[PDB]
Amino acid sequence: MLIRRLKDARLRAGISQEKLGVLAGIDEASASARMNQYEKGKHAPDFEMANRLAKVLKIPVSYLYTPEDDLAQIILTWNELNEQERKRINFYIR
């Protein structure tokens, strides 16, 4: 998991490390420590946990695993598109 992506999206959601952990299912007495290790690169959440985090952060989970800033923005933008716009991007390269 990329810590730049966690941080950025968390800031954009405008919440603390701890409240992110709490909203994602981590006990209040571990949330702050755990989310900080995640965000400072000390440990990695498992994939289940990153899914909960992403839901909480309102992003597609794969955004947290995308090193390419351009592809990352495409994923981000694709997240707010409707099936109309999403399909028209589908055949857009086809």
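Throughout, rigid core stands for the largest set of C-alpha atoms superposing within 1.5 Å between the two forms. From 1 onward, residues are counted along the sequence shown.
Once the rigid core is used to overlay the structures in 4 other deposited structures of this protein, the stretch among 1 to 9 and 84 to 92 whose CA atoms lie farther from this form is 84 to 92. Using the rigid core as the fitting frame, the root mean square C-alpha deviation in 4 other deposited structures of this protein is greater for 75 to 83 than for the other of 75 to 83 and 19 to 27. Stretch comparison (21 to 29 versus 78 to 86) by mean CA B-factor in the PDB entry places 78 to 86 on top. Averaged over Cα atoms, the B-factor as recorded in the entry is higher for 68 to 76 than for the other of 6 to 14 and 68 to 76.
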